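Q: Need coordinates for the following:
(chains A, B, C, D, E, F, G and H)
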Amino acid sequence: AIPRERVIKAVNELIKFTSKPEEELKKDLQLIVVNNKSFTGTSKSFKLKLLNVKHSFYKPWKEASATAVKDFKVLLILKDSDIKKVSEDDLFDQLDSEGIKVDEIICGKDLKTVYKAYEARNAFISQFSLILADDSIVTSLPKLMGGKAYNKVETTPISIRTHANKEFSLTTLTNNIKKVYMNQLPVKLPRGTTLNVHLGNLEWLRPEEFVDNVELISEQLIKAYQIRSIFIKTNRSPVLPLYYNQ
Amino acid sequence: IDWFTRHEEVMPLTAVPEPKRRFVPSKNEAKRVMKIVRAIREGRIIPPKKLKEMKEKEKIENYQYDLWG
Amino acid sequence: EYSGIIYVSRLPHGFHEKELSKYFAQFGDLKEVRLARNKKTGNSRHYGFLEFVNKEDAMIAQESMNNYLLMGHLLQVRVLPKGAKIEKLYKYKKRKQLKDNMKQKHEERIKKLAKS
Amino acid sequence: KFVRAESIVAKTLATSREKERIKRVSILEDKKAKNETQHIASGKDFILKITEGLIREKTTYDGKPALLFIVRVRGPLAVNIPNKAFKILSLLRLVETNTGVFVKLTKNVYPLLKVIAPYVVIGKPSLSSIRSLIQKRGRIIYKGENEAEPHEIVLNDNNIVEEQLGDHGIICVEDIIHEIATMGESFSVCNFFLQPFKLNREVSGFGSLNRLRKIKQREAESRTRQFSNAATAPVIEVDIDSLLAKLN
Amino acid sequence: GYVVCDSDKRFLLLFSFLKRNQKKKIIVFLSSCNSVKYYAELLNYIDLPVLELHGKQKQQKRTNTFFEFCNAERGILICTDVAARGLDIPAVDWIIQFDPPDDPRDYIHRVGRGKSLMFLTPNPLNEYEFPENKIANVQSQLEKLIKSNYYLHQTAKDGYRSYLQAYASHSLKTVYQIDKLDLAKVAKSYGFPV
Amino acid sequence: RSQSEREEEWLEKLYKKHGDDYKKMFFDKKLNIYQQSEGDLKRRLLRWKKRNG
Amino acid sequence: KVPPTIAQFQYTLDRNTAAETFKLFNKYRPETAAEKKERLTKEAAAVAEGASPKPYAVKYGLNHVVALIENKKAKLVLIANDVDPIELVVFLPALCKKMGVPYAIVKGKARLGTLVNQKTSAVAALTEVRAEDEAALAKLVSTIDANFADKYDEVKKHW
RNA sequence: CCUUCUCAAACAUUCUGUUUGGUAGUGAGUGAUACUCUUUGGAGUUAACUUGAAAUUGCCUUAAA
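A: Numbers count the residues shown, from 1 in each chain, chains lettered A, B, ... in the order given. And now the structure:
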């Protein structure tokens, strides 16, 4: 386990480096780079490790996207069974009770007929930020929503359990979407050794809370993976050695 | 020599306002339904689901009657 | 003037040298065909060259396929000027001793915050 | 005759689905048989039934040997079958469309059954459908007068039954039906004795009604047969009994 | 002092500069009192809390609601050149004029009491930069929206008919009807320029 | 002269949803389908409030 | 001898482009008299006991099309060459060229009639489209402008 | 003128949780310092952005006639 105090000396000296006399991303993007003796080297996965986080950075990301130029929007990809079954009003009635809001639910059909053009698909996908996807069709998507949409960590979808033991229920999705939203952070898995965790918005993450997020991630990485070196980095800063495995 | 048409046009040739009839869903069909509502209110017309039920009882009872006595 | 090598461009996704050789055999005897692919992954950059042995037969094809709409997007095709041969479109497909240096590199790296 | 450029790409891209489709299945059941589950989709045998409101009762498959009758269908549109499916359809000699055969379903048979699923339709038949198939269609490749055997002609007799098989107790054509409906030991010999069943095609013509009945029935295949294209695609079973009324 | 932009994205740039700047008392100056019906009606319907001042409304209706801005802290009003003349609030920092003003000569004189920029394709202070791929992609949202309500279609129309009349009824030799109408319709987002 | 059954039932939907916010009522899409003005909707509601509450 | 505005027809759209035009246009059939009637009886049976967006179709009246070009609302316009009074449609390719609306002379008037629930149509146009076929429509616009317009720029000349 | 892997398991149930496994891409181009590796050959990687589906060459048969 890592000390809390090196991370505090890591984050606040980057608060120094961000307080200097593109800028929407360079100042704002807290990311942390993780190295391994060969992450998943031989197979090109696209899963997102949903790292459990104590305090959300998405309800944070909810606000500052209204003050900044780009609207943070949430997608749900469903199969055919549910879209004929469920409306946004049922989602809105049981998620605004928190205050989270699904903007658009999209069938598997709609990815292949009404956004099949590469131009319109890039126009459709690049708007959204939280791409969620129901599990039945999660495994069909890189034919559907393109390869360009999997270059990011936003636009790559998240598999989410919507079936209450083999049958769909709305109750199952409604508390699970909150589970991914406020408690979870994605990170992808390249078959390289380098991996970053784009932790999020530097305008948010009051840096005592931010250290709580960083240390909790380092728990779920060292247990799940062998690791070599860990670095925190505001976007192309000097890299800061936080943890040093051998 | 395609002389006048080489200078390609910009605004349409009119300036007429476009009516509200080209937006909210159309009166004509809405009037026509209301008449077919009226006729089934008077019962001149059967709905198509019961016409299958008129054809379900019918058309199986075929060749099922006495012809000599 | 015009020469024998052709510039078939704007090719549909899923249309390779074989089908390029097969379909353009229909016009006559065809010299040699490639298609330009990405080196890293064996997929096409959607423009390719072929040559007929008859310089007559080339501009037959160009006057038949210059704007020929083909499953999504029309093929743009070009005869070429004299010389300027087909060249180089290879058929690509989908292709504690350390601990000494990392102990060196962990200590070297701390100088950088002191640098800035 | 001349080939339009529309064709050769559509044929390319459809088979290069099937070249990708069976590759994944051939990798999977390799890892199912060799038992190296670290990353698989599913870990068991799936057989789904589609009958009638359009029910989809997915089932498991135990080791219990069952009897399947398989009809060759001509699907899909632009698919030159690859080498891996030329073989199975030739080993079942289902190379003619609208031709059927009974086979036995084991756990040796089921993995190869996921190969040919888009090219045929399968299912469990009934005894009536067992019986009314054979005594109404039946070919026997047997010697003619002296030279010409391959007149396959007809299950005319019960003493031709004495002739070729005979010594396995195979005495009459009704006795053959005992060897198929019940898994007998000489089941494969009598299965090798009745080589096709030349079923008729349903639409069977051009014309006024025939164009329409073709169109109305062609969409009916698109509901009663779905093409899963999945790694752990189920094997889809239809009712044979209602199908043979359409085919006899 | 100014921002050089083409007529397509003039409005689209403005919606960017409003959303990024949502804390400051800022004023836009537009020409027609008919027009700021339009740009007010969008922004309350694409959900920016804007304010609206124009000749086509009553006096104390104009005044008491203008009074709300003057005692405010955060928001934004849209007004004409004419109705805001003589009544400058010192509590302001951004004066962005979208149009060439009514009097171009006497316009500089009304500054000096408030930072300024304008918008011009062919037509003291400096300019600003703009990174071109940052403008909001609401034109997809708007074109559906300009076709769906007819009230918003009518007010788009009057916001266009009255925009160009005022553009012709102006002083300067520069600002005289050279501009192509394919792109000013896109500032109000049409397929065809009415 | 009275109002039709559909018209009355449609006005019930509008009144229970908004109340007396005619601006919201005409910018509404789901209930007010035919994009009628403020003056049209309020007039018909006044007639509705005479026969009913 | 033919005066250039006549025999601006007969230099029609070719085999493959015409096939692809109908591949688009046959998607956008007007709802036929029988289909429309049964839909309204479905509406009668449903709405009397216990929402829809504007549906796209081809536009097919000569007056309606001559309205739509110069409105401007038309995107693609198909024009039959065989017309009993030819003078009915001779101005129409020039009108499209002047207003900048992409047009194509199709071959066969009954061929237009098939897609439109009529005997003959003389002119057919597609004003608006569903989102999925938008890119396909605009591609066909470029396909027609390359094949029809750019090849026959000299169609305004030569007797 | 083809139309694309629409869920498997395990444990625990509250009317669904927990856990594991399953996804091999249109192309081109720009580009922010870092990570590993072996060996100077470059390999695998790590923000972000552009683009009409763009482009001028890296060594089976009745879907018959």
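
Q: can you map out the helices along chain F?
A: Listed in chain order, the helices of chain F (DSSP state H) span F:5-17, F:22-27, F:38-51.

Q: can you tell me which of the ones you listed comes nearest to residue E:31?
A: helix F:22-27 (26.1 Å; Cβ to Cβ). In short, each C-beta sits where N, CA and C put it, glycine included.

Q: how about the closest one as PDB, C-alpha atoms only?
A: Provided in PDB are the C-alpha atoms of helix F:22-27 (Å, rounded to 0.1, in the frame of the first residue of the first chain):
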ATOM      1  CA  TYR F  22     -50.200  29.000 -21.400                       C
ATOM      2  CA  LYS F  23     -46.600  29.700 -22.500                       C
ATOM      3  CA  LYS F  24     -45.500  26.300 -21.300                       C
ATOM      4  CA  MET F  25     -48.800  24.800 -22.700                       C
ATOM      5  CA  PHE F  26     -48.100  26.000 -26.300                       C
ATOM      6  CA  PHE F  27     -44.400  25.100 -26.200                       C
END
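
Q: for chain E, what are the nearby residues on chain D?
A: Within chain D, no position lies close to chain E (Cβ under 8 Å from any Cβ of the partner chain).

Q: Spatially central residue for chain D, please.
A: In chain D, the centroid-proximal residue (Cα atoms, centre = their mean) is residue D:70; its distance is 2.4 Å.

Q: how about the residue nearest to residue C:116 when sequence neighbours are not counted, what does it touch?
A: Leaving aside its chain neighbours, residue C:116 sits nearest to residue A:238 (6.0 Å; criterion: Cβ to Cβ, 6 or more residues apart in numbering or on different chains). For residue A:238, the contact set (Cβ atoms under 8 Å, 6 or more residues apart in numbering or on different chains) comprises C:112, C:113, C:115, C:116.

Q: how much space is there between the nearest residue to the third one once chain neighbours are set aside and chain E?
A: With Cβ to Cβ, 6+ apart as the measure, residue A:238 is the residue that lies nearest to residue C:115, at 6.9 Å, once sequence neighbours are left out. Spatial separation of residue A:238 from chain E under the definition Cβ to the nearest Cβ, to the nearest Å is 26 Å.

Q: same question, residue D:149
A: 73 Å.

Q: Same question for residue B:41.
A: Residue B:41 is 32 Å from chain E, by Cβ to the nearest Cβ.

Q: Touching, that residue and residue G:48? I think so.
A: Yes: using Cβ atoms under 8 Å, residue B:41 is in contact with residue G:48, at 7.4 Å.

Q: what sits against the residue of chain F found nearest chain E?
A: For chain F, the residue positioned closest to chain E under Cβ to the nearest Cβ is residue F:35, at a distance of 5.3 Å. With contacts defined as Cβ under 8 Å, 6+ apart, residue F:35 is in contact with B:20, B:23, B:24, E:149, E:150, E:151, F:26.

Q: now residue G:143
A: Here residue G:143 is in contact with C:67, C:69, C:74, G:17, G:20 (criterion: Cβ under 8 Å, 6+ apart).

Q: Residue E:79: how many residues sit nearby?
A: Residue E:79: 23 surrounding residues under other Cβ atoms under 10 Å in any protein chain shown.

Q: Just the element for it, please.
A: In this structure, residue E:79 sits in strand E:76-80 according to DSSP states H and E.

Q: Would you map the helices across the chain?
A: Let's take chain A. Using DSSP H, helices in chain A cover A:4-18, A:23-26, A:58-67, A:80-83, A:88-95, A:110-113, A:118-125, A:135-138, A:141-144, A:170-183, A:207-222.

Q: Hmm, no, I was thinking of chain B.
A: Going by DSSP H, chain B shows helices at B:27-41, B:48-57.

Q: likewise chain G?
A: Under DSSP H, chain G gives helices at G:15-25, G:33-47, G:62-68, G:92-99, G:109-114, G:134-144.

Q: tell me the most buried of these?
A: helix G:92-99 (a mean of 20; mean count of other Cβ atoms under 10 Å in any protein chain shown).

Q: about what we covered before: can you list the helices of chain B in JSON lines and add distance to residue G:134?
A: Conversion of these to JSON lines gives the following (distance: least, Cβ to Cβ, whole Å):
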{"stretch": "helix B:27-41", "distance to residue G:134": "26"}
{"stretch": "helix B:48-57", "distance to residue G:134": "35"}
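
Q: what kind of secondary structure is the residue of chain E found nearest RNA strand H in?
A: For chain E and RNA strand H, the shortest gap (Cβ to the nearest atom of the strand) falls at residue E:133, measuring 4.4 Å. Using DSSP: H, G, I helix; E, B strand; the rest coil, the secondary structure recorded for residue E:133 is helix.

Q: contacting residues around the lengthiest helix in chain C?
A: If you go by DSSP H, chain C has its longest helix at helix C:97-109. The contact list for helix C:97-109, computed with Cβ under 8 Å, 6+ apart, reads A:228, A:229, A:239, A:241, A:244, A:246.

Q: contacting residues for the fifth one?
A: Residues counted as contacts of residue A:244 (Cβ under 8 Å, 6+ apart) are A:229, A:230, C:106.

Q: Any quick PyMOL command for the buried ones out of those residues?
A: Applying 16 or more other Cβ atoms under 10 Å in any protein chain shown to these, the buried members can be selected in PyMOL as follows:
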select buried, chain A and resi 229+230
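
Q: quick one: which of the contacts of residue A:244 is nearest to residue A:93?
A: residue A:230 (42.7 Å).
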